[PDB]
Amino acid sequence: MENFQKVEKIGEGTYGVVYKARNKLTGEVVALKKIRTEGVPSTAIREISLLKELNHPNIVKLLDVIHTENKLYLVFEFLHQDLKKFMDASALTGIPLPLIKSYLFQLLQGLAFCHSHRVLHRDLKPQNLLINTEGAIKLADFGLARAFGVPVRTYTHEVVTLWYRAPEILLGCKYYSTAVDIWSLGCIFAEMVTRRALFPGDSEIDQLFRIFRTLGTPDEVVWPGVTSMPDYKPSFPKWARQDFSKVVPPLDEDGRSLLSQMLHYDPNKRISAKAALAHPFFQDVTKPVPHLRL
Ligand SMILES: Nc1ncnc2c1ncn2[C@@H]1O[C@H](COP(=O)(O)OP(=O)(O)OP(=O)(O)O)[C@@H](O)[C@H]1O
Ligand SMILES: [Mg+2]
């Protein structure tokens, strides 16, 4: 755009290309997102503008929204690294637990704030979690799924990841709640600990089955109303639940107890972000500084 000098292309997502850019009227470096044709949905533009007012220290700030020439560009504060990159960097040594506990604690603070404002993310993944050199972590793209309605292939025909998708979304549930974000966070939490994605599905059905082989095929006892879900089939194979001690070693009792609450099949049983902040797992949380290399 005319007021921005694009420095680099940080990447491409489901919603468009992200560029590091410098504002010429301010000199500040920002993240500019060109959003992926009738002049931009008035509904979309009103949802985004709502977000401008939702400010929290653990939420990547939406600075500006620019619908010019009937085009949408979102200007966000810029953070140097995403958690995906960070994990790939700490793969041999693992992210230390005190760092894992600080990050999860901050993510829950961010979720609890958005959730109390009835704002859901619905697309949590490591690429949407940004970190700085101070030991802070922030949620990026909060609320854009609402605004634009999540696609299958990214703006650049890249297949979108289902790994963090909650089972109710996979079973065809149209009105999902804030619990969907808790499920996603649960999956990321487990990945950070083991250094391996919990449920790396490559199709909607493969995704569902990986979840089922681990947590057991849900039934009416554990998830009331599950058998009436749109995509539920009586023909689903029946798997037993695996032991969490076998799923997430070497997480202690507190961590395992917290994770199982985050991964409850029944969305209404799933722990809220605010209740998770009080879990004994956080009894000793601190704020360590990462091992960043820019
Ligand atoms: N404010 C930001 N500052 C720095 N880099 C960012 C910022 N927003 C996103 N990025 C990075 O740019 C890349 C692309 O982001 P984008 O959000 O388009 O991709 P994605 O997060 O993997 O998928 P989706 O488009 O669904 O959110 C990823 O590294 C993301 O972490
Ligand atoms: Mg993103």
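Residues numbered from 1 in each chain as written, not as in the entry; some residues may be left out. Chains lettered and ligands numbered in written order. Heavy atoms only, no water.

- Its PDB record attributes the structure to X-ray crystallography, giving the resolution as 1.9 Å.

Examining the pattern of salt bridges
Part 1 of the argument: For the coordinates displayed, the defined rule picks out 14 salt bridges.
Part 2 of the argument: Here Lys101 and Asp284 are joined by a salt bridge, their closest N and O atoms 2.9 Å apart. Here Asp284 lies in the segment after α10 (273–276) and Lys101 lies in helix α3 (residues 97–116), a separation of 183 residues in the sequence.
Part 3 of the argument: Exposure remark for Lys101: the relative accessible area of 7% places this residue in the buried category.
Part 4 of the argument: Among the ionic pairs, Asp206 bridges to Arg213, the shortest N-O distance being 3.6 Å.
Part 5 of the argument: On the accessibility criterion, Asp206 (15% relative accessible area) is buried.
Part 6 of the argument: A relative accessible area of 36% places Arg213 in the partly exposed class. (Salt bridge = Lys/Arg side-chain N within 4 Å of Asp/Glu carboxyl O. Helix = DSSP H or I, 4+ residues; strand = E, 2+ residues; numbered from the N terminus. Buried < 20%, exposed > 50% of the residue type's maximum accessible area, 1.4 Å probe, protein only.)

Examining the site of ligand 1
Part 1 of the argument: Close contacts around ligand 1 come from 20 residues, with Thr14, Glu77, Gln127, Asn128 and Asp141 the closest.
Part 2 of the argument: Contacts to ligand 1 include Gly13, whose backbone N or O atom sits 3.3 Å from an oxygen atom.
Part 3 of the argument: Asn128 places a side-chain nitrogen or oxygen 2.8 Å from an oxygen atom of ligand 1.
Part 4 of the argument: In isolation ligand 1 offers 600 Å² of accessible surface; the protein chains occlude 92% of this area.
Part 5 of the argument: Looking at the shell around ligand 1, the elements with two or more residues in it are β2 (16–23), β3 (29–35) and β5 (71–77). (Near = heavy atom within 4 Å. Polar contact = N/O pair within 3.5 Å; in protein donor to acceptor, adjacent residues only side chain to side chain. Areas by Shrake-Rupley, 256 points an atom, 1.4 Å probe, with all protein chains shown as cover.)

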